[PDB]
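J.: start_9.pdb is reproduced below (PDB, N, CA and C atoms).
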MODEL        1
ATOM      1  N   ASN B 556     104.596 108.894 -24.335
ATOM      2  CA  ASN B 556     103.536 109.568 -23.593
ATOM      3  C   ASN B 556     103.979 109.903 -22.174
ATOM      4  N   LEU B 557     104.629 108.954 -21.498
ATOM      5  CA  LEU B 557     105.141 109.225 -20.160
ATOM      6  C   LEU B 557     106.202 110.314 -20.195
ATOM      7  N   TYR B 558     107.054 110.296 -21.221
ATOM      8  CA  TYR B 558     108.054 111.345 -21.366
ATOM      9  C   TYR B 558     107.397 112.707 -21.536
ATOM     10  N   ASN B 559     106.328 112.775 -22.331
ATOM     11  CA  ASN B 559     105.620 114.037 -22.518
ATOM     12  C   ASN B 559     104.989 114.514 -21.217
ATOM     13  N   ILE B 560     104.404 113.595 -20.448
ATOM     14  CA  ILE B 560     103.797 113.975 -19.174
ATOM     15  C   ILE B 560     104.855 114.527 -18.227
ATOM     16  N   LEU B 561     106.000 113.846 -18.145
ATOM     17  CA  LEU B 561     107.076 114.314 -17.280
ATOM     18  C   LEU B 561     107.603 115.667 -17.740
ATOM     19  N   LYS B 562     107.730 115.858 -19.055
ATOM     20  CA  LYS B 562     108.161 117.147 -19.582
ATOM     21  C   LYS B 562     107.194 118.249 -19.182
ATOM     22  N   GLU B 563     105.894 117.991 -19.323
ATOM     23  CA  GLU B 563     104.902 119.001 -18.977
ATOM     24  C   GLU B 563     104.971 119.347 -17.498
ATOM     25  N   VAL B 564     105.102 118.332 -16.643
ATOM     26  CA  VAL B 564     105.191 118.580 -15.206
ATOM     27  C   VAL B 564     106.429 119.409 -14.886
ATOM     28  N   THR B 565     107.569 119.048 -15.477
ATOM     29  CA  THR B 565     108.809 119.758 -15.184
ATOM     30  C   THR B 565     108.751 121.204 -15.659
ATOM     31  N   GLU B 566     108.209 121.440 -16.856
ATOM     32  CA  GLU B 566     108.097 122.810 -17.348
ATOM     33  C   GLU B 566     107.130 123.624 -16.501
ATOM     34  N   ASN B 567     106.040 123.007 -16.042
ATOM     35  CA  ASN B 567     105.135 123.713 -15.145
ATOM     36  C   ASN B 567     105.816 124.050 -13.826
ATOM     37  N   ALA B 568     106.702 123.173 -13.347
ATOM     38  CA  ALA B 568     107.404 123.441 -12.097
ATOM     39  C   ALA B 568     108.312 124.659 -12.203
ATOM     40  N   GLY B 569     108.813 124.962 -13.398
ATOM     41  CA  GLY B 569     109.623 126.150 -13.579
ATOM     42  C   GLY B 569     110.955 125.914 -14.260
ATOM     43  N   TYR B 570     111.206 124.684 -14.697
ATOM     44  CA  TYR B 570     112.456 124.326 -15.357
ATOM     45  C   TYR B 570     112.192 124.178 -16.849
ATOM     46  N   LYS B 571     112.773 125.077 -17.644
ATOM     47  CA  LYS B 571     112.525 125.060 -19.081
ATOM     48  C   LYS B 571     113.219 123.883 -19.753
ATOM     49  N   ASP B 572     114.418 123.534 -19.297
ATOM     50  CA  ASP B 572     115.155 122.422 -19.881
ATOM     51  C   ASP B 572     114.743 121.127 -19.197
ATOM     52  N   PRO B 573     114.109 120.187 -19.903
ATOM     53  CA  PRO B 573     113.685 118.938 -19.267
ATOM     54  C   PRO B 573     114.697 117.808 -19.346
ATOM     55  N   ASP B 574     115.753 117.946 -20.146
ATOM     56  CA  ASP B 574     116.756 116.896 -20.247
ATOM     57  C   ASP B 574     117.658 116.819 -19.026
ATOM     58  N   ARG B 575     117.623 117.821 -18.149
ATOM     59  CA  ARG B 575     118.415 117.759 -16.928
ATOM     60  C   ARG B 575     117.871 116.730 -15.950
ATOM     61  N   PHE B 576     116.568 116.457 -15.996
ATOM     62  CA  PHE B 576     115.938 115.546 -15.056
ATOM     63  C   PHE B 576     115.399 114.274 -15.691
ATOM     64  N   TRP B 577     115.294 114.208 -17.015
ATOM     65  CA  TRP B 577     114.757 113.035 -17.687
ATOM     66  C   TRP B 577     115.563 112.768 -18.947
ATOM     67  N   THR B 578     115.418 111.557 -19.474
ATOM     68  CA  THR B 578     116.054 111.158 -20.719
ATOM     69  C   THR B 578     114.986 110.840 -21.754
ATOM     70  N   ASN B 579     115.200 111.310 -22.972
ATOM     71  CA  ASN B 579     114.272 111.016 -24.052
ATOM     72  C   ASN B 579     114.358 109.537 -24.409
ATOM     73  N   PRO B 580     113.241 108.804 -24.398
ATOM     74  CA  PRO B 580     113.291 107.381 -24.760
ATOM     75  C   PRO B 580     113.693 107.127 -26.201
ATOM     76  N   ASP B 581     113.641 108.134 -27.067
ATOM     77  CA  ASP B 581     114.082 107.993 -28.447
ATOM     78  C   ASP B 581     115.561 108.302 -28.632
ATOM     79  N   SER B 582     116.245 108.754 -27.586
ATOM     80  CA  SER B 582     117.668 109.024 -27.690
ATOM     81  C   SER B 582     118.440 107.716 -27.861
ATOM     82  N   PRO B 583     119.584 107.753 -28.551
ATOM     83  CA  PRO B 583     120.322 106.505 -28.808
ATOM     84  C   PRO B 583     120.729 105.763 -27.549
ATOM     85  N   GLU B 584     121.033 106.477 -26.464
ATOM     86  CA  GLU B 584     121.351 105.805 -25.209
ATOM     87  C   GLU B 584     120.161 105.003 -24.702
ATOM     88  N   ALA B 585     118.956 105.562 -24.818
ATOM     89  CA  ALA B 585     117.761 104.834 -24.408
ATOM     90  C   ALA B 585     117.541 103.602 -25.277
ATOM     91  N   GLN B 586     117.766 103.727 -26.588
ATOM     92  CA  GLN B 586     117.644 102.566 -27.464
ATOM     93  C   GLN B 586     118.642 101.485 -27.079
ATOM     94  N   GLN B 587     119.876 101.877 -26.765
ATOM     95  CA  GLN B 587     120.873 100.901 -26.340
ATOM     96  C   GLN B 587     120.455 100.222 -25.040
ATOM     97  N   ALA B 588     119.974 101.006 -24.074
ATOM     98  CA  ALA B 588     119.545 100.429 -22.804
ATOM     99  C   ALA B 588     118.408  99.441 -23.012
ATOM    100  N   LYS B 589     117.450  99.789 -23.873
ATOM    101  CA  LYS B 589     116.384  98.853 -24.208
ATOM    102  C   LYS B 589     116.939  97.612 -24.892
ATOM    103  N   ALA B 590     117.991  97.776 -25.695
ATOM    104  CA  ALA B 590     118.592  96.630 -26.369
ATOM    105  C   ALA B 590     119.159  95.636 -25.364
ATOM    106  N   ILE B 591     119.960  96.118 -24.409
ATOM    107  CA  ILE B 591     120.472  95.209 -23.379
ATOM    108  C   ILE B 591     119.337  94.646 -22.527
ATOM    109  N   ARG B 592     118.327  95.461 -22.213
ATOM    110  CA  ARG B 592     117.224  94.955 -21.400
ATOM    111  C   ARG B 592     116.507  93.806 -22.099
ATOM    112  N   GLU B 593     116.264  93.941 -23.403
ATOM    113  CA  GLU B 593     115.636  92.863 -24.157
ATOM    114  C   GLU B 593     116.564  91.661 -24.280
ATOM    115  N   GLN B 594     117.862  91.907 -24.473
ATOM    116  CA  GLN B 594     118.814  90.812 -24.625
ATOM    117  C   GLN B 594     118.926  89.987 -23.351
ATOM    118  N   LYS B 595     118.754  90.615 -22.188
ATOM    119  CA  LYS B 595     118.803  89.870 -20.936
ATOM    120  C   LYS B 595     117.601  88.958 -20.742
ATOM    121  N   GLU B 596     116.619  89.004 -21.637
ATOM    122  CA  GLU B 596     115.476  88.099 -21.619
ATOM    123  C   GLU B 596     115.669  86.966 -22.620
ATOM    124  N   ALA B 597     116.915  86.512 -22.772
ATOM    125  CA  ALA B 597     117.217  85.460 -23.737
ATOM    126  C   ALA B 597     116.529  84.155 -23.357
ATOM    127  N   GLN B 598     116.828  83.637 -22.171
ATOM    128  CA  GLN B 598     116.214  82.396 -21.722
ATOM    129  C   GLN B 598     115.863  82.479 -20.240
ATOM    130  N   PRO B 599     114.608  82.211 -19.874
ATOM    131  CA  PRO B 599     114.253  82.164 -18.450
ATOM    132  C   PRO B 599     114.736  80.876 -17.809
ATOM    133  N   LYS B 600     114.441  80.681 -16.530
ATOM    134  CA  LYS B 600     115.013  79.533 -15.843
ATOM    135  C   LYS B 600     114.430  78.208 -16.332
ATOM    136  N   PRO B 601     113.167  77.886 -16.059
ATOM    137  CA  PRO B 601     112.735  76.485 -16.157
ATOM    138  C   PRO B 601     112.587  75.940 -17.570
ATOM    139  N   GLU B 602     112.760  76.756 -18.613
ATOM    140  CA  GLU B 602     112.528  76.277 -19.973
ATOM    141  C   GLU B 602     113.518  75.197 -20.395
ATOM    142  N   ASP B 603     114.800  75.349 -20.071
ATOM    143  CA  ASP B 603     115.735  74.276 -20.369
ATOM    144  C   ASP B 603     115.508  73.056 -19.492
ATOM    145  N   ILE B 604     114.968  73.235 -18.287
ATOM    146  CA  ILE B 604     114.546  72.120 -17.447
ATOM    147  C   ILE B 604     113.475  71.347 -18.204
ATOM    148  N   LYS B 605     112.559  72.086 -18.830
ATOM    149  CA  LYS B 605     111.485  71.470 -19.601
ATOM    150  C   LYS B 605     112.045  70.671 -20.771
ATOM    151  N   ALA B 606     112.885  71.312 -21.588
ATOM    152  CA  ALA B 606     113.501  70.619 -22.718
ATOM    153  C   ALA B 606     114.382  69.463 -22.264
TER     154      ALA B 606
ATOM    155  N   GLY A  52     105.495 181.969   4.151
ATOM    156  CA  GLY A  52     105.777 183.356   3.842
ATOM    157  C   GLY A  52     104.716 184.335   4.290
ATOM    158  N   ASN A  53     103.666 183.874   4.969
ATOM    159  CA  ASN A  53     102.621 184.746   5.488
ATOM    160  C   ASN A  53     102.664 184.854   7.008
ATOM    161  N   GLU A  54     103.791 184.507   7.620
ATOM    162  CA  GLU A  54     103.900 184.516   9.070
ATOM    163  C   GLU A  54     104.107 185.932   9.587
ATOM    164  N   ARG A  55     103.417 186.257  10.669
ATOM    165  CA  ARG A  55     103.531 187.545  11.328
ATOM    166  C   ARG A  55     104.612 187.499  12.397
ATOM    167  N   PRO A  56     105.208 188.647  12.729
ATOM    168  CA  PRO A  56     106.356 188.639  13.654
ATOM    169  C   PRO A  56     106.081 188.010  15.012
ATOM    170  N   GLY A  57     104.899 188.216  15.583
ATOM    171  CA  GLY A  57     104.674 187.789  16.950
ATOM    172  C   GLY A  57     103.654 186.687  17.147
ATOM    173  N   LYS A  58     103.169 186.096  16.063
ATOM    174  CA  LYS A  58     102.143 185.068  16.134
ATOM    175  C   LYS A  58     102.761 183.692  15.906
ATOM    176  N   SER A  59     101.906 182.675  15.931
ATOM    177  CA  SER A  59     102.360 181.304  15.757
ATOM    178  C   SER A  59     102.782 181.050  14.315
ATOM    179  N   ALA A  60     103.684 180.082  14.141
ATOM    180  CA  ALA A  60     104.194 179.743  12.819
ATOM    181  C   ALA A  60     104.282 178.235  12.622
ATOM    182  N   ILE A  61     103.375 177.480  13.239
ATOM    183  CA  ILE A  61     103.395 176.029  13.113
ATOM    184  C   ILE A  61     102.976 175.633  11.704
ATOM    185  N   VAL A  62     103.614 174.594  11.170
ATOM    186  CA  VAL A  62     103.342 174.101   9.825
ATOM    187  C   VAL A  62     102.960 172.632   9.914
ATOM    188  N   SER A  63     101.832 172.274   9.309
ATOM    189  CA  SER A  63     101.398 170.885   9.268
ATOM    190  C   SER A  63     102.264 170.085   8.306
ATOM    191  N   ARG A  64     102.451 168.806   8.613
ATOM    192  CA  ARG A  64     103.303 167.915   7.829
ATOM    193  C   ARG A  64     102.414 166.849   7.193
ATOM    194  N   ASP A  65     102.155 166.993   5.896
ATOM    195  CA  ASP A  65     101.336 166.040   5.157
ATOM    196  C   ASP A  65     102.093 165.348   4.034
ATOM    197  N   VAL A  66     102.751 166.114   3.162
ATOM    198  CA  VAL A  66     103.513 165.506   2.076
ATOM    199  C   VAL A  66     104.630 164.636   2.637
ATOM    200  N   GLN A  67     105.281 165.101   3.704
ATOM    201  CA  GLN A  67     106.338 164.319   4.332
ATOM    202  C   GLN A  67     105.796 163.000   4.861
ATOM    203  N   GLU A  68     104.646 163.047   5.535
ATOM    204  CA  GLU A  68     104.060 161.828   6.078
ATOM    205  C   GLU A  68     103.697 160.851   4.970
ATOM    206  N   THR A  69     103.089 161.344   3.891
ATOM    207  CA  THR A  69     102.698 160.456   2.801
ATOM    208  C   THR A  69     103.914 159.809   2.148
ATOM    209  N   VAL A  70     104.952 160.602   1.872
ATOM    210  CA  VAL A  70     106.141 160.052   1.226
ATOM    211  C   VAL A  70     106.818 159.031   2.132
ATOM    212  N   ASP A  71     106.938 159.350   3.423
ATOM    213  CA  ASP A  71     107.595 158.448   4.355
ATOM    214  C   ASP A  71     106.776 157.198   4.628
ATOM    215  N   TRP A  72     105.461 157.247   4.429
ATOM    216  CA  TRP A  72     104.655 156.043   4.555
ATOM    217  C   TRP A  72     104.662 155.205   3.287
ATOM    218  N   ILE A  73     104.905 155.817   2.130
ATOM    219  CA  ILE A  73     104.912 155.046   0.892
ATOM    220  C   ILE A  73     106.260 154.368   0.670
ATOM    221  N   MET A  74     107.361 155.050   0.994
ATOM    222  CA  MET A  74     108.682 154.549   0.609
ATOM    223  C   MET A  74     109.023 153.159   1.148
ATOM    224  N   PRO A  75     108.840 152.847   2.440
ATOM    225  CA  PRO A  75     109.339 151.554   2.943
ATOM    226  C   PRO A  75     108.752 150.343   2.243
ATOM    227  N   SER A  76     107.468 150.377   1.893
ATOM    228  CA  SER A  76     106.891 149.264   1.149
ATOM    229  C   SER A  76     107.496 149.167  -0.245
ATOM    230  N   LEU A  77     107.708 150.313  -0.895
ATOM    231  CA  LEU A  77     108.320 150.331  -2.217
ATOM    232  C   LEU A  77     109.762 149.854  -2.198
ATOM    233  N   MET A  78     110.416 149.857  -1.038
ATOM    234  CA  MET A  78     111.764 149.302  -0.969
ATOM    235  C   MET A  78     111.753 147.825  -0.590
ATOM    236  N   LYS A  79     110.868 147.443   0.336
ATOM    237  CA  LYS A  79     110.705 146.036   0.684
ATOM    238  C   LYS A  79     110.361 145.218  -0.550
ATOM    239  N   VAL A  80     109.402 145.693  -1.342
ATOM    240  CA  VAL A  80     109.306 145.248  -2.721
ATOM    241  C   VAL A  80     110.498 145.813  -3.480
ATOM    242  N   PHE A  81     111.105 144.992  -4.332
ATOM    243  CA  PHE A  81     112.297 145.254  -5.132
ATOM    244  C   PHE A  81     113.599 145.127  -4.340
ATOM    245  N   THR A  82     113.575 144.924  -3.021
ATOM    246  CA  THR A  82     114.858 144.816  -2.333
ATOM    247  C   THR A  82     114.998 143.560  -1.478
ATOM    248  N   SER A  83     113.884 143.054  -0.945
ATOM    249  CA  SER A  83     113.942 142.136   0.192
ATOM    250  C   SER A  83     114.749 140.880  -0.121
ATOM    251  N   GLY A  84     114.583 140.328  -1.314
ATOM    252  CA  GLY A  84     115.155 139.028  -1.598
ATOM    253  C   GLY A  84     116.639 138.986  -1.871
ATOM    254  N   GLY A  85     117.335 140.109  -1.787
ATOM    255  CA  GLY A  85     118.747 140.132  -2.165
ATOM    256  C   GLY A  85     118.956 140.243  -3.655
ATOM    257  N   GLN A  86     118.374 139.330  -4.425
ATOM    258  CA  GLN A  86     118.343 139.460  -5.871
ATOM    259  C   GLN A  86     117.321 140.512  -6.279
ATOM    260  N   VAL A  87     117.606 141.204  -7.377
ATOM    261  CA  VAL A  87     116.724 142.256  -7.860
ATOM    262  C   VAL A  87     116.102 141.940  -9.213
ATOM    263  N   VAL A  88     116.739 141.113 -10.041
ATOM    264  CA  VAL A  88     116.239 140.806 -11.373
ATOM    265  C   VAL A  88     116.357 139.307 -11.607
ATOM    266  N   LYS A  89     115.484 138.787 -12.467
ATOM    267  CA  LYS A  89     115.559 137.389 -12.876
ATOM    268  C   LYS A  89     115.282 137.296 -14.368
ATOM    269  N   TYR A  90     116.214 136.716 -15.114
ATOM    270  CA  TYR A  90     116.061 136.539 -16.551
ATOM    271  C   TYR A  90     115.569 135.125 -16.821
ATOM    272  N   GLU A  91     114.437 135.011 -17.508
ATOM    273  CA  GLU A  91     113.869 133.711 -17.808
ATOM    274  C   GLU A  91     114.098 133.367 -19.268
ATOM    275  N   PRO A  92     114.528 132.146 -19.567
ATOM    276  CA  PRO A  92     114.780 131.769 -20.958
ATOM    277  C   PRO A  92     113.487 131.626 -21.743
ATOM    278  N   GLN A  93     113.603 131.824 -23.054
ATOM    279  CA  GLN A  93     112.467 131.668 -23.951
ATOM    280  C   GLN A  93     112.280 130.213 -24.365
ATOM    281  N   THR A  94     113.361 129.548 -24.751
ATOM    282  CA  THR A  94     113.358 128.137 -25.106
ATOM    283  C   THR A  94     114.362 127.396 -24.231
ATOM    284  N   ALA A  95     114.430 126.078 -24.419
ATOM    285  CA  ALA A  95     115.355 125.260 -23.647
ATOM    286  C   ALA A  95     116.809 125.474 -24.042
ATOM    287  N   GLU A  96     117.071 126.136 -25.164
ATOM    288  CA  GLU A  96     118.431 126.348 -25.635
ATOM    289  C   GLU A  96     119.065 127.613 -25.076
ATOM    290  N   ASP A  97     118.310 128.425 -24.339
ATOM    291  CA  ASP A  97     118.830 129.656 -23.766
ATOM    292  C   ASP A  97     119.108 129.556 -22.276
ATOM    293  N   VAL A  98     118.799 128.416 -21.652
ATOM    294  CA  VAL A  98     118.787 128.329 -20.194
ATOM    295  C   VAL A  98     120.131 128.750 -19.619
ATOM    296  N   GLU A  99     121.218 128.182 -20.143
ATOM    297  CA  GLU A  99     122.539 128.514 -19.624
ATOM    298  C   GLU A  99     122.812 130.007 -19.751
ATOM    299  N   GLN A 100     122.480 130.595 -20.902
ATOM    300  CA  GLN A 100     122.635 132.036 -21.046
ATOM    301  C   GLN A 100     121.786 132.768 -20.020
ATOM    302  N   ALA A 101     120.541 132.322 -19.839
ATOM    303  CA  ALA A 101     119.671 132.941 -18.850
ATOM    304  C   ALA A 101     120.287 132.889 -17.463
TER     305      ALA A 101
ENDMDL
END
Take the structure in this file and express it as structure tokens.
T.:
Amino acid sequence: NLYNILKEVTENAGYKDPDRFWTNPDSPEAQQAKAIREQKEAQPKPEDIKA
Amino acid sequence: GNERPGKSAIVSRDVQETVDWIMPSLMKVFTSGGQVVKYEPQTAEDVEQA
């Protein structure tokens, strides 16, 4: 939805190609970035302190 | 062509005035920006060609 909003704004501004200023969240690079972002949430700090 | 030999022959200038008053605006439009034409793409796949 945010990608669609940004696309609409960019096309209204006068730029027909929206990939020059934004990345599609469904593109494989975006999926990879989300993969590393999720992987970096493996363990927070105090949980092993708790265990 | 109806002028007499010894009388006045002054001619009013109307078409010249109208043309000379119309032309400069018609040139400022279509000339001022340096560029004269702009091609806009139809889809996102034509942008580079455009």
J.: Write out as CSV a residue-level contact list of chain A versus chain B with cut-off 7 Å: for each qualifying residue the closest pair of atoms and the distance in Å to one decimal, counting all atoms listed in the file, rows sorted by chain and residue number upward.
T.:
residue,atom,partner,partner_atom,distance
A:94,C,B:571,C,5.8
A:95,CA,B:571,C,4.6
A:96,N,B:572,CA,6.7
A:98,CA,B:572,N,6.5
J.: Taking only chain B into account, list the residues labelled alpha helix (DSSP H) by DSSP (computed from the backbone), as JSON, numbers by chain.
T.: {"B": [557, 558, 559, 560, 561, 562, 563, 564, 565, 566, 567, 568, 583, 584, 585, 586, 587, 588, 589, 590, 591, 592, 593, 594, 601, 602, 603, 604, 605]}
J.: Using the file's own x, y and z axes, so that the box edges lie along x, y and z, what centre and edge lengths in Å (one decimal) does a box around every listed atom of range 561-573 of chain B get when 8 Å is added on each side? Give it as AutoDock Vina command-line options.
T.:
--center_x 110.0 --center_y 120.0 --center_z -16.0 --size_x 26.3 --size_y 28.3 --size_z 23.8
J.: Decode the PyMOL selection byres (((chain A and resi 101 and name CA) around 8) and name CA) for the given file into explicit residues and return them as a ChimeraX atom specification.
T.: /A:90-92,97-100
J.: Would you kindly translate the PyMOL selection byres (((chain B and resi 577-580 and name CA) around 12) and name CA) into the concrete residues it picks from this file, as a ChimeraX atom specification?
T.: /B:556-566,570,572-576,581-589
J.: How far is it from CA of residue 592 in chain B to CA of residue 606 in chain B, in Å with one decimal?
T.: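 Calculated distance between CA of residue 592 in chain B and CA of residue 606 in chain B is 24.7 Å.
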J.: Just to confirm, what's the straight-line distance from atom C of residue 65 in chain A to atom C of residue 52 in chain A in Å (one decimal)?
T.: 19.2 Å
J.: In Å, rounded to a single decimal, give me how far CA of residue 68 in chain A is from atom C of residue 80 in chain A.
T.: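 Interatomic distance, atom C of residue 80 in chain A to CA of residue 68 in chain A: 19.7 Å.
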